[PDB]
């Protein structure tokens, strides 16, 4: 029963595409995969990350909980719809019901690691502690990422949430000086599990699966479960 929380250094760094990529790689290794989005904001703009994982990677086991119309931080999105945040134990139950031996359960947060998912001040990091997940950290290759990554990793070690590694969510072609350097530096901060090529979401079923299996070290993925 392997639970893996998929966080990121920010909003829009590619958490969702990494989830699909990692799900795809794992399924291609015969590993059962469930993906879980406990807090989904922006549904009124049409955002639905579970649907994107499904479309991209063919995952059928998709689990949602809270959905808010506005594209905001959950607390703001909720209060705008006159809705409340889910309870901490509500989020943990969701993940727990998905968890089982042999299965890789991916939990994609909302935005970065310390976004509030439940009141008071409950975040993905607290959730990680409760389900004993490790955390996969999705990062950009852009200027500013080293700080953001170091901050997120520190935040994680602060509650002894293991770090499963880094994934560069979007990797330009060709990479510029700044992108190249940041990769080398990021790799020194932590294990870089993969660097997904820019625009991977434009790929069709096969192209995505092909990309995904190329992207991750097969021994790492096999060894997740």
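Numbering follows the first chain given and starts at 1.
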* Asked: On average, are the C-alpha B-factors higher in 109-117 or in 72-80?
  -> 72-80
* Got a sec? Mean C-alpha B-factor, which is higher, 136-144 or 96-104? -> 96-104
* Selection from 26, 51, 161, 168 [criterion: highest C-alpha temperature factor in the record] -> 51
* Asked: What's the residue among 157, 186, 194, 200 with the greatest CA temperature factor in the PDB record?
  -> 200
* To do: Place residue 7 in the lowest, middle or highest third of its chain's C-alpha B-factors, as listed in the PDB entry.
  => lowest
* **Chain-relative CA temperature factor third for residue 210** => highest
* residue 129 by Cα B-factor - lowest, middle or highest third of the modelled chain -> middle
* Based on the entry's values, in what third of the chain does the Cα temperature factor of residue 190 lie: lowest, middle or highest? -> lowest
* Structure fact -> Of the three thirds of the chain ranked by Cα temperature factor, residue 67 occupies the middle
